[PDB]
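There are 2 protein chains.
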Amino acid sequence: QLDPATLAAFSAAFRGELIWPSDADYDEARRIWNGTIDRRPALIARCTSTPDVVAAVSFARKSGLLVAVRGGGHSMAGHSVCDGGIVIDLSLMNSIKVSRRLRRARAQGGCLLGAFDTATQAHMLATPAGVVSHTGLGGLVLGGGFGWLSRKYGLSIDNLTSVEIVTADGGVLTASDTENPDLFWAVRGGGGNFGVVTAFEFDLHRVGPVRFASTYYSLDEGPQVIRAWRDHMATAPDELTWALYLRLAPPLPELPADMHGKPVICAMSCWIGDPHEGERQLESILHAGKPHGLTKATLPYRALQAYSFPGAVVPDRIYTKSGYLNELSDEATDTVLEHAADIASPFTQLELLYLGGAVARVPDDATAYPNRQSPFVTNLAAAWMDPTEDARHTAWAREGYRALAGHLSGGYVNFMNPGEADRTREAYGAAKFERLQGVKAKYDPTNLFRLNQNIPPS
Amino acid sequence: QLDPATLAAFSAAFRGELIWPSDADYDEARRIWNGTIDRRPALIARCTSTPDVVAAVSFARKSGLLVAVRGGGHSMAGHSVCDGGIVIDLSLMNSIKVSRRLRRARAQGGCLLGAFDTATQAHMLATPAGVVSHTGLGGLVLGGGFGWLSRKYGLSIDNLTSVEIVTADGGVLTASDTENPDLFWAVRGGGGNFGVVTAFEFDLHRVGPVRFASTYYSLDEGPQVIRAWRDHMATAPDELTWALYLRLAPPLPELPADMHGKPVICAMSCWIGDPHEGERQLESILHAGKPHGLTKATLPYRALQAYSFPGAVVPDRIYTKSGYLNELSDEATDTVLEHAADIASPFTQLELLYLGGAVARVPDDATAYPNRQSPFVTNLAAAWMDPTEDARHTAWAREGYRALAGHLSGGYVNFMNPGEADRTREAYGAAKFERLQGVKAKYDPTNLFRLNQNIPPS
Ligand SMILES: Cc1cc2nc3c(=O)[nH]c(=O)nc-3n(C[C@H](O)[C@H](O)[C@H](O)COP(=O)(O)OP(=O)(O)OC[C@H]3O[C@@H](n4cnc5c(N)ncnc54)[C@H](O)[C@@H]3O)c2cc1C
Ligand SMILES: Cc1cc2nc3c(=O)[nH]c(=O)nc-3n(C[C@H](O)[C@H](O)[C@H](O)COP(=O)(O)OP(=O)(O)OC[C@H]3O[C@@H](n4cnc5c(N)ncnc54)[C@H](O)[C@@H]3O)c2cc1C
Numbered sequence: 005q006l007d008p009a010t011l012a013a014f015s016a017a018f019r020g021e022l023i024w025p026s027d028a029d030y031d032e033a034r035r036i037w038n039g040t041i042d043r044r045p046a047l048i049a050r051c052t053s054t055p056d057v058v059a060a061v062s063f064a065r066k067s068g069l070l071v072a073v074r075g076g077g078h079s080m081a082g083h084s085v086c087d088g089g090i091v092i093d094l095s096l097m098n099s100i101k102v103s104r105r106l107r108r109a110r111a112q113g114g115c116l117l118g119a120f121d122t123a124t125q126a127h128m129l130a131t132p133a134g135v136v137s138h139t140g141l142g143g144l145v146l147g148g149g150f151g152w153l154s155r156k157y158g159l160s161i162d163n164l165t166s167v168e169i170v171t172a173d174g175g176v177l178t179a180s181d182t183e184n185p186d187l188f189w190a191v192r193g194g195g196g197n198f199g200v201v202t203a204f205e206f207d208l209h210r211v212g213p214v215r216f217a218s219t220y221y222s223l224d225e226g227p228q229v230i231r232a233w234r235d236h237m238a239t240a241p242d243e244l245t246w247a248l249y250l251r252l253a254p255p256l257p258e259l260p261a262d263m264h265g266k267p268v269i270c271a272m273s274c275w276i277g278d279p280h281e282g283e284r285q286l287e288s289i290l291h292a293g294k295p296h297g298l299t300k301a302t303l304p305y306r307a308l309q310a311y312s313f314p315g316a317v318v319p320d321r322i323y324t325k326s327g328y329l330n331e332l333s334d335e336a337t338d339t340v341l342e343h344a345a346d347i348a349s350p351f352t353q354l355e356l357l358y359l360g361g362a363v364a365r366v367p368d369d370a371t372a373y374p375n376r377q378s379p380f381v382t383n384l385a386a387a388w389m390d391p392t393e394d395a396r397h398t399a400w401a402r403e404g405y406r407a408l409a410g411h412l413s414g415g416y417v418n419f420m421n422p423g424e425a426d427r428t429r430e431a432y433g434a435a436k437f438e439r440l441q442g443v444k445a446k447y448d449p450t451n452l453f454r455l456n457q458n459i460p461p462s
Numbered sequence: 005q006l007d008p009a010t011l012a013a014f015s016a017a018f019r020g021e022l023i024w025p026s027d028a029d030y031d032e033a034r035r036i037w038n039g040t041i042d043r044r045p046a047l048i049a050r051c052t053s054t055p056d057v058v059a060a061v062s063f064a065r066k067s068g069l070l071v072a073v074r075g076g077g078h079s080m081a082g083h084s085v086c087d088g089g090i091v092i093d094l095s096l097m098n099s100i101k102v103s104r105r106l107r108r109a110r111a112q113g114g115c116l117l118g119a120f121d122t123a124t125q126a127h128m129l130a131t132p133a134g135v136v137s138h139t140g141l142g143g144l145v146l147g148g149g150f151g152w153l154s155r156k157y158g159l160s161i162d163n164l165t166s167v168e169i170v171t172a173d174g175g176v177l178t179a180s181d182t183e184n185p186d187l188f189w190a191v192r193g194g195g196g197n198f199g200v201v202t203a204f205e206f207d208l209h210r211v212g213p214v215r216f217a218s219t220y221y222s223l224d225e226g227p228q229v230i231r232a233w234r235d236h237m238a239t240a241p242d243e244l245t246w247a248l249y250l251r252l253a254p255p256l257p258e259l260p261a262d263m264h265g266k267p268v269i270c271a272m273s274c275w276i277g278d279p280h281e282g283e284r285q286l287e288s289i290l291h292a293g294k295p296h297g298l299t300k301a302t303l304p305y306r307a308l309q310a311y312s313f314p315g316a317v318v319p320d321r322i323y324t325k326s327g328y329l330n331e332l333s334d335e336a337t338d339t340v341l342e343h344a345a346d347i348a349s350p351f352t353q354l355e356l357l358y359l360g361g362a363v364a365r366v367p368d369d370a371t372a373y374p375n376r377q378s379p380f381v382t383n384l385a386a387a388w389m390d391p392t393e394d395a396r397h398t399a400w401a402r403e404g405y406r407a408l409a410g411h412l413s414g415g416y417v418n419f420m421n422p423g424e425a426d427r428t429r430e431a432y433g434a435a436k437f438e439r440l441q442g443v444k445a446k447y448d449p450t451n452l453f454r455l456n457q458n459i460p461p462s
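Chains as they are written, first to last, in the deposited numbering: chain B, 5 to 462; chain A, 5 to 462.
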């Protein structure tokens, strides 16, 4: 229960919608993508402008409310909703200005990935983002952000030119390489720790149709497939991106009915470049084993962005255990294959991704993002429906992570699960963490923004 | 030049951006998708809320500025920009609230399709719209709106449940089957004639993966393909959509270099339903001639929405000629095939679409959309780059339209070119045209919204 004059003051400054536990659209506004997170915020504040976030940030500050900030609500830690505090919901701020002469896009802090790519591709432009269209932009970009364009153009933070950000004291700041450049260093990898970002500006690149391929390998050929992949990507051009999603086979018509719901290697690849070059390049790598249900297409980039994932089903409940690898040993290959063979839910994926390329040529200390030079990412992403099966699906992800343990180092802040608050120092490393603390003490000394992979101040 | 006091009164109420002919955002804010129209407005008002629209409408009224409304800027007639007046520019009003429980979407008047179907596909939901993702939702819906889901679920207006609309006197209204139902009839097919729809509400349907195929046929086999298409669609189930676009083959690696830049039939089809049923159904319609550059895939609906068109090139300049057909005789099939062989630009398409289905089971008088009972639509959509070549490409579409004339009737308002103001009555028919003037006399008696397929009051 809140001081009547202070809410009266907040709401006086707010143009958006307030949702209270007793209102209609409360239960749905407070659900987030990770259905295992069931929290009841004291107030959801769906902001509609930079001034509204200013109002919300200050209200929460002297009311003492715990502050959750919501972009697209895809936090695998469930950070975008709180019990008993305030949700600063940016989901209605999803505008995107795109300048065709500038190759520039100014996007609001609540954009969904697909809204951004729709607007940029109106001029055949694009910049790197994640692969699932309904991910929010805010949480992905603030943690680094990678997808199909990353090997050629870098992380999302590698194409960020500025932010407009609301700091914990209510102020509005511009952060670029020429304005508040400590802050601009922290936001490019340091999550929500330093204020609410209400507008990202990106440099955009011209991306026409990309030649794309998706196929399925039996586990029989599991070794030959993954060893071919790790060897090829060691020397592959930036233009080739190639990923492995180990999963139960989706019951799609392009695959024989006999493999349906059997573990497979789903391999997806594309070529950011001339599709004829992609046609030869992709087929050079498509046949490490016998490809089942081969799909080959020249897609607009926006269609590439909307393709993931085969079967297009939205899981209710989630658990992710992820890490980086400097090299994928044949013993690490045998253990990913033995754990894949025991996947139970039809929505679970053991993803093996190769980064590197443009991401690894950016100097390490340029941004807050860690482990640029570790080129493998592995994500044991459990995803199911039935709440009574929670234990066994998280047990699957826990035990795949443990059996890989020492091969793994660091960690992507945006793949952390709710029980991994203590991974923050080891994900960044002592050096980056300790500089991030220096920025935290300066811009958020009270730690008003602590629902995130949080860096305490000092 | 305008009144300092009411300018100041408008500025005071307006929370958006203003763009003057001296502002750095002017040249690009005033360009729309049809490059052929070059118009310099006195003021571009980039609204951010409904009261913002209330202020820009009243200001134009008091000052007598000709009002253009812009949603997505895709007006084939050029209606979203004006010389010397004010643009009410909705492109920043892009937010979409999607309720999973209700299968309901609320979309602001400036949404693009790609943001809309990103928003709904986060819950495996969808409702019909166009086939190109950067088209604005506002103008498309107010004209009816058809796309991949239309034969199964009807027009975009067949799923609209209410609109929030700002009328010429500055008042804000709700129009539905329950509230001002005369107006709710008029906006469903009558364009921007009755005010600025600041919010569209829709019923959504569950649309999982959809089996999809695109392929190309030589004009050698043009006659049998198009006859099989017209014979099959007369009997096809609603779940089968099948469209033909005659064009120059794009230089894509799936096609033999021999066909690049040569006139072909690009056939695209999909099954809204079980993909295993869909594979059998698309496969039964794929071989009326030898299919080349064949792409088959099981896509998330958002990926289907993002696919058109193969090559993904945005044309600078467009001119279109379009009409309906109750029947596609062999004399017309000939005429279509011969004019397609004369296509000179690599972005020009001769579109032959089959509607019908759920579109044609809505009683004619239920909305303002005309010609549900005509299942065929053909659109000669010339699109090029060179401004010194305008006559050539405009000539191609005029003379193709006129070589079909007697087969063509009515005309989709959303496909009219800047010279076709006269076609408003033939497109609606006399009965609908007279009923719409009746509504126009009530809600826009001064014809303040006249930059549309305009319906004069009385
Ligand atoms: C299905 C799925 C696919 C994914 N694919 C990819 C992928 O391809 N690549 C990749 O790199 N990651 C990917 N991710 C991870 C994604 O980057 C993170 O989950 C991200 O944090 C989600 O962003 P969000 O704002 O939508 O989530 P939220 O839960 O709304 O926010 C996450 C965190 O960011 C903070 N935050 C969000 N917006 C702002 C803002 N505007 N200002 C300040 N702080 C903010 C929140 O406070 C919170 O701590 C994926 C996640 C999912 C669930
Ligand atoms: C590449 C392309 C693909 C297309 N594909 C399809 C398709 O598959 N199916 C189909 O049916 N049509 C299709 N169209 C046509 C489309 O429906 C129309 O061009 C439509 O006008 C697009 O709306 P818009 O808001 O983007 O256009 P705008 O230029 O922004 O607006 C067009 C008209 O609508 C009015 N208007 C716009 N928004 C509002 C509003 N909120 N309130 C009141 N009036 C408003 C404007 O004043 C103007 O009169 C396509 C067009 C293009 C260019």
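Yeah, the Cβ is synthetic: ideal placement off N, Cα and C, and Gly gets one too.
Check: ligand 1 heavy atoms versus the CB of residue 135 (chain B): any closer than 6 Å?
Finding: Taking the first residue of the first sequence as position 1, residue 135 (chain B) is located at position 131. Within the cutoff, so yes.
Notebook entry, point to check: So with Cβ pairs under 7 Å, would you call residue 80 (chain A) a contact of chain B?
Noted result: Here residue 80 (chain A) corresponds to residue number 76 of the second sequence, with the count starting at 1. Not one chain B Cβ lies under 7 Å of residue 80 (chain A).
Checklist line | Proximal residues, the stretch 92-117 of chain B versus chain A, C-beta separation under 9 Å | finding: 95, 96, 97, 98, 99, 100, 101, 103, 104, 105, 106, 112, 114, 115, 116, 117
Check: What span of residues does the beta strand (DSSP E) with residue 1 (chain A) cover, start to end?
Finding: Residue 1 (chain A) lies beyond the range of chain A shown here (5 to 462); nothing can be said about it.
Check: By a C-beta neighbour count over all protein chains shown, 10 Å radius and 16 as the cutoff for buried, is residue 106 (chain A) buried or exposed?
Finding: Taking the second sequence and counting its residues from 1, one reaches residue 106 (chain A) at position 102. Residue 106 (chain A) comes out exposed.
Margin query: Just to confirm the assignment, what range does the beta strand (DSSP E) spanning residue 326 (chain B) have?
Written below: Walking along the first sequence from the start, residue 326 (chain B) turns up at place 322. Where residue 326 (chain B) is concerned, the enclosing beta strand (DSSP E) stretches over 321-329.
Notebook entry, point to check: Looking at chain B, which residues of the stretch 244-269 of chain A have a Cβ within less than 7 Å of any of its Cβ atoms?
Noted result: 256, 257, 258
Next item on the list: Measure the alpha-carbon distance for residue 76 (chain B) versus residue 127 (chain A) and round it to whole angstroms.
Entry: Within the first sequence, numbered from 1, the residue matching residue 76 (chain B) stands at position 72. Within the second sequence, numbered from 1, the residue matching residue 127 (chain A) stands at position 123. Looking at the two C-alpha atoms, the distance is approximately 13 Å.
Item checked: For residue 50 (chain B) and residue 11 (chain B), believed in contact at Cβ under 8 Å, the rounded distance -> Translated into the one-based positions of the first sequence, residue 11 (chain B) becomes position 7. Translated into the one-based positions of the first sequence, residue 50 (chain B) becomes position 46. With a Cβ gap of about 16 Å, residue 11 (chain B) and residue 50 (chain B) do not count as contacting.
Notebook entry, point to check: When the Cα of residue 250 (chain A) is compared with those of A:72, A:268, A:312, which residue comes out closest?
Noted result: For the purposes of this step, residue 250 (chain A) is taken as the residue at position 246 of the second sequence. The residue with the shortest Cα to Cα distance from residue 250 (chain A) is A:268.
Next item on the list: Kindly confirm or deny that the stretch 320-327 of chain A and the stretch 408-425 of chain A touch, where touching means at least three C-beta pairs closer than 8 Å.
Entry: Cβ pair count under 8 Å is three or more, so yes.
Checklist line | Cross-strand partners of residue 150 (chain A) (DSSP beta bridge) | finding: Residue 150 (chain A) sits at position 146 when you count from the first residue of the second sequence. Answer is none; residue 150 (chain A) lacks a bridge partner.
Checklist line | Touch test, the stretch 272-280 of chain B against the stretch 106-118 of chain B, Cβ-Cβ under 8 Å, three pairs minimum | finding: Output reads no: the stretch 106-118 of chain B does not touch the stretch 272-280 of chain B.
Notebook entry, point to check: When you check each C-beta in the stretch 198-213 of chain A against every C-beta of chain B, which residues fall closer than 8 Å?
Noted result: The residues in question are 212, 213.
Margin query: Using the three-state DSSP reduction, which class does residue 230 (chain A) fall into: helix, strand or coil?
Written below: Position 226 of the second sequence, counted from the first residue, corresponds to residue 230 (chain A). DSSP places residue 230 (chain A) in helix when its eight states are reduced to three.
Check: For ligand 2, is there a heavy atom less than 6 Å away from the beta-carbon of residue 150 (chain A)?
Finding: Position 146 of the second sequence, counted from the start, is the residue given in the question as residue 150 (chain A). True, at least one ligand heavy atom lies under 6 Å from that Cβ.
Next item on the list: Spell out a yes or no on whether the stretch 312-326 of chain B and the stretch 380-388 of chain B are touching, meaning 3 or more CB-CB pairs, one atom from each, closer than 8 Å.
Entry: With a cut-off of 8 Å on Cβ pairs, the stretch 312-326 of chain B is in contact with the stretch 380-388 of chain B, counting three or more such pairs.
Notebook entry, point to check: From the DSSP output, which residues share a beta bridge with residue 383 (chain A)?
Noted result: Your numbering for residue 383 (chain A) matches position 379 in the second sequence. BP columns for residue 383 (chain A) point to A:326, A:355.
Item checked: residue 390 (chain A) versus residue 130 (chain A): straight-line alpha-carbon distance, rounded -> Position 386 of the second sequence holds residue 390 (chain A). Position 126 of the second sequence holds residue 130 (chain A). Using only the alpha carbons, I get a separation of about 38 Å.
Checklist line | Interface residues of the stretch 44-56 of chain B facing chain A [CB-CB below 8 Å] | finding: Hits within the stretch, in order: 52, 53.
Next item on the list: Run the proximity test for residue 37 (chain B): is its beta-carbon closer than 6 Å to any non-hydrogen atom belonging to ligand 2?
Entry: Here residue 37 (chain B) is taken as the residue at index 33 of the first sequence, counted from 1. Not so, every heavy atom of ligand 2 lies at least 6 Å from the Cβ.
Next item on the list: Let me know if residue 8 (chain A) comes out buried or exposed under the rule of 16 or more other beta-carbons within 10 Å of its beta-carbon.
Entry: Taking the first residue of the second sequence as position 1, residue 8 (chain A) is located at position 4. Label assigned to residue 8 (chain A): exposed.
Next item on the list: State the DSSP-derived secondary structure class of residue 377 (chain A), mapped to helix, strand or coil.
Entry: For the purposes of this step, residue 377 (chain A) is identified with residue 373 of the second sequence, where counting begins at 1. The answer is coil: DSSP assigns residue 377 (chain A) none of H, G, I, E or B.
Check: Taking all protein chains shown into account, do 16 or more other C-beta atoms lie within 10 angstroms of the C-beta of residue 342 (chain B), making it buried, or fewer, making it exposed?
Finding: Numbered from 1 along the first sequence, position 338 holds the residue referred to as residue 342 (chain B). By the 10 Å Cβ count, residue 342 (chain B) comes out exposed.
Next item on the list: Could you tell me which chain B residues have their CB closer than 8 Å to the CB of residue 127 (chain A), listed as they occur along the chain?
Entry: Your numbering for residue 127 (chain A) matches position 123 in the second sequence. Result: 318.
Check: Heavy atom of ligand 1 less than 6 Å from the Cβ of residue 218 (chain A), yes or no?
Finding: In the second sequence, counting from the first residue as 1, residue 218 (chain A) sits at position 214. Between ligand 1 and residue 218 (chain A), a heavy atom-to-CB distance of less than 6 Å is absent.
Next item on the list: Taking only beta-carbon positions, decide if residue 365 (chain B) is within less than 7 Å of chain A.
Entry: For the purposes of this step, residue 365 (chain B) is identified with residue 361 of the first sequence, where counting begins at 1. For residue 365 (chain B), the answer is no, since every Cβ of chain A falls outside 7 Å of its Cβ.
Next item on the list: Go ahead and label residue 24 (chain B) buried or exposed: buried means 16 or more other beta carbons lie within 10 angstroms of its beta carbon, across all protein chains shown.
Entry: Position 20 of the first sequence, counted from the start, is the residue given in the question as residue 24 (chain B). Residue 24 (chain B) comes out exposed.
Note to self: Is residue 47 (chain B) near ligand 1 - that is, is its Cβ less than 6 Å away from at least one heavy atom of it?
What the structure shows: Within the first sequence, the letter at position 43 stands for residue 47 (chain B). In this structure, residue 47 (chain B) has its beta carbon at no less than 6 Å from each heavy atom of ligand 1.
Notebook entry, point to check: The alpha helix (DSSP H) spanning residue 8 (chain B) covers which residue range?
Noted result: Here residue 8 (chain B) refers to the residue found at position 4 when the first sequence is read from its first residue. 8-17 is the span of the alpha helix (DSSP H), which, as asked, contains residue 8 (chain B).
Check: Comparing the CB of residue 376 (chain A) with every heavy atom of ligand 2, is any distance shorter than 6 Å?
Finding: Taking the first residue of the second sequence as 1, we reach residue 376 (chain A) at position 372. For ligand 2, not one heavy atom lies less than 6 Å from the Cβ of residue 376 (chain A).
Next item on the list: Tell me, please, whether the CB atom of residue 407 (chain A) is closer than 7 Å to any CB atom in chain B?
Entry: Stepping through the second sequence from its first residue, residue 407 (chain A) is reached at position 403. False, the Cβ-Cβ gap to chain B never drops below 7 Å.
Next item on the list: Report the rounded CA-to-CA distance for residue 84 (chain B) versus residue 364 (chain B), giving the unit in angstroms.
Entry: Indexing the first sequence from 1 puts residue 84 (chain B) at position 80. Indexing the first sequence from 1 puts residue 364 (chain B) at position 360. If I take the Cα positions, the gap works out to 30 Å.
Next item on the list: Consult DSSP for residue 130 (chain A) and reduce its assignment to one of helix, strand or coil.
Entry: For this step, residue 130 (chain A) is matched to residue 126 along the second sequence. Judged by DSSP in its simplified three-state form, residue 130 (chain A) adopts strand.
Next item on the list: Please name the residues in the stretch 212-230 of chain B whose beta-carbon is closer than 8 Å to at least one beta-carbon of chain A, in chain order.
Entry: 212, 213, 215
Notebook entry, point to check: Along chain B, in chain order, which residues have C-beta atoms closer than 9 Å to that of residue 315 (chain A)?
Noted result: Position 311 of the second sequence, counting from 1, holds the residue named residue 315 (chain A). Here the neighbours are 212, 213, 302, 304.
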